[PDB]
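S.K.: Requesting a structural model of the entry that follows:
(chains A and B, ligands or ions: 5)
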Amino acid sequence: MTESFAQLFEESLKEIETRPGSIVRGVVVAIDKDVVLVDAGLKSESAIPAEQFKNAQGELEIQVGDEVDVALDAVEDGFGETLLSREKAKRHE
RNA sequence: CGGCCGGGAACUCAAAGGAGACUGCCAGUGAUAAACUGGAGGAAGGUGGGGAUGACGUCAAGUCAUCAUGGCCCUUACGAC
Ligand SMILES: [Mg+2]
Ligand SMILES: [Mg+2]
Ligand SMILES: [Mg+2]
Ligand SMILES: [Mg+2]
Ligand SMILES: [Mg+2]
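M.R.: Residues are numbered from 1 along each chain as shown, chains lettered A, B, ... in the order given. Ligands and ions are numbered 1, 2, ... in the order given. Shown next is the structure:
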């Protein structure tokens, strides 16, 4: 039963959403003082700067393993990076 | 009325050996950086101040009168009193 990658990939493509600007969920893989690694699972676990996750008091409410929601800008950048933005989701909200 | 004189190892000082200051800490900037700026502490803060220390080479630079030395010249003389 060599399940064809064609139909498996079709299943995957209907499983997710790929368009610029789309608000998509993600898993926060790691948190650092500088950037936060998030994963929407497209081509690369992206990294978003820290201030995008800070409140008026400059607090990183977000923790590791939390499911956050960021706006995908481009699925790729020429540098092998998915580009995600939290501030865009903030504007949407 | 003078450390002067008993006296004391407190203090200056005399040298000898050590401690200390390294962006070490904090904040911001910065390119997830090197570094920079500011602040605290500190006697001292960013090489703390100063000195000694002069790479490969250039100027056929200077010195045959410090010295040494290749050559050339004088030897009753350019030597010596
Ligand atoms: Mg200072
Ligand atoms: Mg030196
Ligand atoms: Mg000459
Ligand atoms: Mg000269
Ligand atoms: Mg001359």
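
S.K.: Just give me the residue closest to the centre of chain A.
M.R.: Centroid check for chain A by Cα atoms, centre = their mean gives residue A:40 as the closest residue, at 3.7 Å.

S.K.: And the contacts of stretch A:50-69?
M.R.: A:23-36, A:38, A:85-87, A:89-90 (Cβ atoms under 8 Å, 6 or more residues apart in numbering). For the C-beta atoms, the positions are set from N, CA and C on the backbone; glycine is no exception.

S.K.: what about burial for those, which qualify?
M.R.: With neighbours counted using 16 or more other Cβ atoms under 10 Å, the contacts of stretch A:50-69 contain these buried positions: A:24, A:26, A:28, A:31, A:36, A:38, A:85, A:86, A:89.

S.K.: quick one: contacts for the residue of chain A found nearest RNA strand B?
M.R.: In chain A, the residue that lies nearest RNA strand B is residue A:34 (3.5 Å; Cβ to the nearest atom of the strand). Under the criterion of Cβ under 8 Å, 6+ apart, the neighbours of residue A:34 are A:49, A:50.

S.K.: Also residue A:19?
M.R.: With contacts defined as Cβ under 8 Å, 6+ apart, the neighbours of residue A:19 are residue A:72.

S.K.: re earlier: which residue sits closest to the residue nearest to the centre of chain A, ignoring its sequence neighbours?
M.R.: Ranked by Cβ to Cβ, 6 or more residues apart in numbering and with sequence neighbours excluded, the top spatial neighbour of residue A:40 is residue A:26, at 4.2 Å.

S.K.: Could you count how many residues lie near residue A:6?
M.R.: Other residues within reach of residue A:6, judged by other Cβ atoms under 10 Å, total 8.
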